[PDB]
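Q: Can you keep this structure in mind? I'll have questions shortly.
Any read-out appearing in this document is the output of simple, stated calculations on the displayed coordinates, not a laboratory observation. In this analysis, Cβ positions are derived from the backbone assuming ideal geometry, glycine residues included, and neighbour counts consider all displayed protein chains.
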Number of protein chains: 2
Amino acid sequence: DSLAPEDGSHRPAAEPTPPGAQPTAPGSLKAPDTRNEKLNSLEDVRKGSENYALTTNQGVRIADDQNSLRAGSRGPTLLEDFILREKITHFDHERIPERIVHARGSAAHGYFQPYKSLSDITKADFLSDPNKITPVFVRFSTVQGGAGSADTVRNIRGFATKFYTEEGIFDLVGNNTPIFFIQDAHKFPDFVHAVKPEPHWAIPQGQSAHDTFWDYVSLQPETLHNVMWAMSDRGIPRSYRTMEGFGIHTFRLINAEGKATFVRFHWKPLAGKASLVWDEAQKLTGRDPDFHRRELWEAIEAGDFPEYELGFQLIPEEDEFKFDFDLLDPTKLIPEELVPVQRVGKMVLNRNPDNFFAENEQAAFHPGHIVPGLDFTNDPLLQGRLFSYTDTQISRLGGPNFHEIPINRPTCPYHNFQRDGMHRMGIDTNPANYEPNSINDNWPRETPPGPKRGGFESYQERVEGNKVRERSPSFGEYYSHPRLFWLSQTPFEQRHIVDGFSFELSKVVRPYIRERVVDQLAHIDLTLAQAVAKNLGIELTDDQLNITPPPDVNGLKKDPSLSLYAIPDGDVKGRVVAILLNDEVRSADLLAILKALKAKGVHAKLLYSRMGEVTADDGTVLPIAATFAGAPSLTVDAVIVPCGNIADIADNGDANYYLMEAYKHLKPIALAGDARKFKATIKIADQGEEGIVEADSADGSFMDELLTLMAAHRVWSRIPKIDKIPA
Amino acid sequence: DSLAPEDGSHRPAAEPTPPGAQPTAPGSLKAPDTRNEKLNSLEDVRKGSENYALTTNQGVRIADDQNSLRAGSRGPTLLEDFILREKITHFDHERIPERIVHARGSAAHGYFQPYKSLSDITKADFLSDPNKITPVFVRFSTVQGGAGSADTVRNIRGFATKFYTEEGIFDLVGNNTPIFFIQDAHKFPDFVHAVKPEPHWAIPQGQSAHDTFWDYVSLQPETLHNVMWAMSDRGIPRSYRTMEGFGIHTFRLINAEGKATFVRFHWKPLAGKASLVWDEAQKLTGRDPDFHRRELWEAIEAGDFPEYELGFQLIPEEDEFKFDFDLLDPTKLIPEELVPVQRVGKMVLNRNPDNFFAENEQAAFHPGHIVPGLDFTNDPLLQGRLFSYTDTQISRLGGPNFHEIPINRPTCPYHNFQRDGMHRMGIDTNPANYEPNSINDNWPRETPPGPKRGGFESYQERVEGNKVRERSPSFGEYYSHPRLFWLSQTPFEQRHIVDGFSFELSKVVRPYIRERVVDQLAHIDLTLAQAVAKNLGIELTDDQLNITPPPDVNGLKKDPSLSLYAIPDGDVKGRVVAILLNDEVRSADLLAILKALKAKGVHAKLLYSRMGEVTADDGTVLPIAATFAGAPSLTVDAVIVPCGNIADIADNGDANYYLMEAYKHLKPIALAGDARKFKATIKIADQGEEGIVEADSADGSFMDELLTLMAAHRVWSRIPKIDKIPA
Ligand code: HEM
Ligand code: HEM
């Protein structure tokens, strides 16, 4: 019509900008200069808008997109209105089935590069040269809830990476913990049904805190290992940038000489590991159910590209049987103290999608998509997965041509004798649709395996045994890995695990199920079991108190790589601070605060009791990002209250509650000058407290001290003190 | 061999039980004796489980449902495992497309009956006989979010009723406000795309608080009336039992003589009208995203059957043009002060479904499904709806045989010459599949229209006009109905409206969009417009301050039926009270509390700082429903604190917070004996406060006071006091 504002302010800057500074936008508009081979290959299907006429799908220009055709301006709508019917038809058919699991997920484009050639252990082309760059598309997800459920639920997270290599798509489809719940794929519908909403009423969404889950767990101790991980703060990551990734299964690397090496895949977050606390996570599902999705997108728009290091645990074929646990058992992890992770390469996620539906929702990842240089093993969970991903994609994406949906296409050549199916895009000119043929001189042709550009040939593993439906006896140990995990956690991590079990079991309506789980905990660790029992009003029996603890794992009592926090890795870049304003802020404080944060790549949001602007002591006009209620402390990592007319907000219950919530969730707080008046709301003593930064002004060491706390993520020593505060 | 406990406590009693007393269960097992003709006819497809062997879908008993078939017990899974593949295949294909809108919804079975014969105004069979009962299935829903999004979002709500009548299915597909946002169906995809998650990043879920919605609103002032309703407390109902329903459009009733009467449909909740407050609603999306779903299912299990009264506004055909708005405009309401709602019948929802997916998810409602005695009008929104419901059901339910899906099936005869289509269940024996035919003597035959059991004939409305895509000039007024609604709300309801607009607009990133919406508000009411602007730090211009208020609606400056609360209608049956226990509770208090609650059908939840049991002063063992943190005050209507060992909980952070939250949210609080020591955390009054019930002991008088407060729902007089409290 001519509907935009004259200043051009409807349009975000096509340049990196902090979160909240500009409206977010399709990736190709936001970052037009950020390219890779896959992103370039999608140009053929990207559709613009500006300066084009509005048409039907058939290209007929529409004159009046405001009205149906009727007989009289108050008359009945006419069936001949093809423009109305095409328009409503498309709308009526917008939806496709969501993924059966991991329906909720958020995705981005990036690139991967190896640090050195891995030719000695694998002929995989994408790992053959440090100068070889592989486009990726990554989706992170929750597990149980639908595509419209909340982000910060307690759940395992999915971490799936599509590598568009020169010799084929390799999908690495992993999670954020190094084991899974179950051993054999045949049980996946039972486990998933147990954790998903219960079938009579479809409650609860996004939660394992209900009877059927804990019933199944109580009857299937193989689940306890991943359940320990889920109940720990691992189940509630601060963001996808701050969690680990794992392939879980042992796979094989195959080199040019035909040697097989056992491998488990790791992703290490270069930003470090960090999680929420449960009360914060749960509240955040209400205040911002899109928190992780938003955080991912805005990090990328800001330039805080999520980076991950790919690492391999490598085990020689001759060492297959050298551990207390079976390598093929996906409920067991391989302790880094026994087998180190060797760094392999770096993955950087640097561009958001243009259209979430077209790129994210239709993306299809499947762990059967491997490339020469890789192979499978007989892990019975993996073995069944290979069937499932292909099968489910045929309904979810509407037939067997899902690889022609643009996000899914290989960047490399694909030719074969497959034809037809729904939505077929490729128009084949081969005279032949079969081989062997003479009529096209047998093209396209098979290719023998070889060191590079060769055909896929399976590693010739020996198979010997009878056709059985039987769990290997080597898989029948359930408690030592849970115990190993438990003992590796810090005291505050352990408390969080106790609290997770305690909260979940309290939602289980049938008391005998709670009892049964507590009994299982008593096989893992008596201290764990006692603390959970106490929280449930349950008394362990003398028999339970006497259950002997499970054996160590190959002589390991603990392994600190299993803790989120035991070995600090605190990166502050990309984190965010709430600044609580008043109507006459000390402009000197604000210059110091904002500049110090910017120097470390830490973002800020200026909050007030209303939107608009406030004016500082010296006339500086300050734009307000959000209100105290609008952007609660849940959404930030720390809080700073500069000096000024504090009486303006000391009376504001919202401002006080802001600090009390941030205090309760162990976040750093800094109070400059008269802001120290807020000490009383949070019961801070005159002399002070570790984790509260206070000075006459925001000058000197004030910002370094606050940033030091932010590097340590949360203020764990504050835990005994929070029990009392009413928040 | 993993079995149930001794007590038979795995199983809920098949009798009415209060919420939390038993695990919930499928409706036919909870209430086996609750029947109606539809519930009975679903028996052909009900599938039991007890004492049956586990099988494949082909009926083959399975020996080992724990393992895949493999070559050796650590070997690869074999392709010949048909039991694994069937099981995984069915799992892989569980999902179907969710509804394009109203994807989130909760449904129940019930029955309808008219108070008297309406044969003088309509020949509809289901309204012909006060002793004739019609089975219903009802689905309530939100609009924007996916099937896994939260219940207590701010949204219009859907209220769809399927009447299984003797002369056909009639679907009355309404919402919880008497108007819609737009005038012509052609704009529906525009409006819906604007309110749905934005297409680049698919944020936000379940919220209109984002740029695209307020952009659309600001450019399409026809939306302002329903937006006013959405921003009021109507947008966050307490329960589906405590909101109104409306068909929105003018339809027709046709009697046996051929006379048309214009009609608008109403549902009146016999439990009264009640809504949440925003902070409570948003927090509840995090603590219990299934709150409404749960509340509906639990009410039904408890015998608090949702009841609604069907009501008609009736306008003679000769009065079509007699209002200062067009009857065919779905953005305009008909004020009850102009045309009263005539009572028509009662609907009672008295059984939950057996399987949520089978019966709720697959139900298909469509406002085109009418019956003889009803007809349409040229309302241009209704007219395009008629195209859309049939069409979307073809992809969502997999084909044209959706009426054969058990929940959708008529209970009355259906016979015609249609054949085939995916998943065809009916096996037709008619030698003929066309008419006219001689080979089957033309059966099934057309039936002339008439007074009863006749064929459908459209009312022969006169149509006169040219073929035009044009909005009727009579639709081009956008401000008077928003104003009428505004002036009819109480002062606290007006405040909440202002707060809704202010909260939403503050999340709009582009400031000019906020300014344009404030400009529209200035066309409705200057007080409204100024209060929002102030919250947004916007100053109205001189011209804005001089915008003439829109005219009254046919002389009305207010209509109190538009307010939720102006006219008392409170009903406490089915509400719930938190009782905060201590470790030595005064049984005399608890006896008097529970006796009084029980007499009015109010439920209780017993809460403590842990699970298990506490023993009262007289030896009564009290099982604990949930913890202070696990079932927050958000989920209850009022809180009572009995006396006993108060020292036990007086310094508990969660206990204090519980009262501070209930206080903030305007809920009645009752404190007995030493529990009065808690008056200090809610930091106000000592002679007492209207809204806080207090006495040395809990008695007849104490409970009467508390129950009177509960009848008035919330303590509006406390609003001035809550700004200060930090919760
Ligand atoms: C090691 C254990 C497993 C891991 C790490 C894992 C990981 C994942 C991830 C990350 C996704 C989402 C991919 C995306 O973002 O689109 C996914 C989806 C899926 N998973 Fe797995 N999964 C595991 C076990 C299984 C098993 C045993 C089965 C069945 C045999 C299975 C069947 C599926 C299916 C059907 C989907 C949806 C795929 C689609 O619609 O494209 N998963 N899983
Ligand atoms: C008066 C305005 C409207 C009202 C009261 C209304 C009400 C509803 C309700 C209550 C549902 C959910 C039924 C259920 O629970 O399954 C629904 C779904 C739906 N509505 Fe409407 N709606 C309106 C306007 C429109 C318009 C203008 C269109 C399109 C022209 C439309 C298209 C749809 C579609 C496609 C569905 C999904 C139906 C299905 O999948 O079965 N609605 N609507």
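Q: Could you work out the relative contact order of chain A? I mean the mean sequence separation of Cα pairs under 8 Å and 6+ apart, divided by the number of residues, in percent.
A: For chain A, the relative contact order is 12 percent.
Q: First check a/c for the range B:25-410, with a ≥ b ≥ c the square roots of the eigenvalues of its C-alpha gyration tensor; if it is under 1.5, answer rounded, and if not, answer prolate when a/b is larger than b/c or oblate otherwise. Could you put the intermediate results ahead of the total?
A: Numbers: a/c = 1.98, a/b = 1.47, b/c = 1.35.
Prolate is the answer for the range B:25-410, as a/c is 1.5 or above and a/b outweighs b/c.
Q: Could you state the number of Å between the C-alpha centres of the range B:417-495 and the range B:688-727?
A: After rounding, the separation between the Cα centres reads 50 Å.
Q: By the gyration tensor of its Cα atoms, with a ≥ b ≥ c the square roots of the eigenvalues, what is the shape of chain A: rounded for a/c under 1.5, prolate for a/b over b/c, or oblate? Please list the in-between numbers first.
A: Details: a/c = 1.67, a/b = 1.11, b/c = 1.50.
Judged from the Cα gyration tensor, chain A comes out oblate (a/c at least 1.5, b/c at or above a/b).
Q: Please compute the average number of Cβ atoms from other chains found within 10 Å of each residue's Cβ in peptide B:292-304.
A: 1
Q: Pop a pseudo-label 7 angstrom from the Cα along the beta-carbon direction at both B:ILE427 and B:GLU690 and give the gap in nm to one decimal.
A: 7.2 nm
Q: Still on this model: Mind listing which GluC sites (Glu not before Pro) in the range A:653-691 are in a DSSP loop and have 12 or fewer other Cβ atoms within 10 Å?
A: Here the sparse-neighbourhood loop sites are A:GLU690.
Q: Which ordering of A:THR55, A:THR627, A:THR177 is given by a fewest-first count of other beta-carbon atoms within 10 Å?
A: Lowest count first: A:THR55, A:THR627, A:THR177.
Q: For a paramagnetic label modelled at 7 Å from the Cα of B:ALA599 toward its Cβ, which residues of the range B:692-714 fall within the zone defined by backbone nitrogen distances under 17 Å?
A: B:697-711
Q: Something else about it: Could you tell me the calculated FRET efficiency between A:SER41 and A:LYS534, based on Cβ-Cβ distance and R0 = 60 angstrom, to the nearest 0.05?
A: According to the calculation, E is roughly 0.55.
Q: Find how many whole Å separate the alpha carbon centroid of the range B:352-396 from the alpha carbon centroid of the range A:234-279.
A: Computed from Cα coordinates, the inter-centre distance equals 48 Å.
Q: Here's another thing I want to ask about it. Quick one: what are the phi-derived ³J(HN,Hα) couplings along the range A:598-605, Karplus 6.51/-1.76/1.60 with θ = phi - 60°, whole Hz, x for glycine and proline?
A: Values, residue by residue: 4, 4, 9, x, 8, 8, 10, 10 Hz.
Q: Over all directions, the average projected area of the alpha-carbon convex hull for the range A:470-573 comes to how many nm²?
A: Values: hull surface 38.1 nm².
Spelled out: convex hull of the Cα atoms, projected over all directions, averaged, 9.5 nm².
Q: Between B:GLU257 and B:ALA63, what is the spin-label point distance in nm, taking each point 7 Å from the Cα along the Cα→C-beta axis?
A: Label at B:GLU257, label at B:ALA63, 7.9 nm between them.
Q: Within 10 Å of each Cβ of A:527-537, how many other protein chain Cβ atoms are there on average?
A: Numbers: counts 0, 0, 0, 0, 0, 0, 1, 2, 5, 5, 8.
Mean shielding by partner chains, rounded to a whole number: 2.
Q: In peptide A:146-158, how many Cβ atoms from other protein chains are near each Cβ within 10 Å, on average?
A: 4
Q: Mind sorting A:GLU50, B:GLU477 by how few other Cβ atoms lie within 10 Å of their own Cβ, fewest first?
A: A:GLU50, B:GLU477
Q: Okay, moving on. Quick check: pseudo-label points 7 Å beyond the Cα along Cα→Cβ at B:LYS677 and B:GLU404, how many nm apart are they?
A: Taking the simple label geometry, B:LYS677 and B:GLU404 are separated by 7.0 nm.
Q: Return the calculated 222 nm mean residue ellipticity for the protein assembly as shown, to the nearest 500 deg cm²/dmol, obtained by summing -39500 (n - 2.57) across DSSP H runs with n ≥ 4 and dividing by the residue count.
A: The helix contribution divided over the protein assembly as shown gives -7000 deg cm²/dmol.
Q: Enumerate the residues in the range A:595-625 having an amide nitrogen under 20 Å from the point lying 7 Å beyond the Cα of A:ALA711 toward its Cβ.
A: Counting only backbone N, you get A:595-604.
Q: Further question on the same structure: Give me the distance between the Cα centres of the range A:598-656 and the range A:133-171, rounded to whole Å.
A: Going from one Cα centre to the other spans 36 Å.
Q: Quick check for the range B:574-727: number of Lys pairs with alpha-carbon distance under 24 Å, counting only pairs 8 or more apart or on different chains?
A: Eligible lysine pairs with Cα atoms under 24 Å apart amount to 24.
Q: How high is the FRET efficiency from B:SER438 to B:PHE321, r the C-beta distance, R0 56 Å, rounded to 0.05?
A: Computed FRET efficiency for B:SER438 and B:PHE321 comes out at 0.65.
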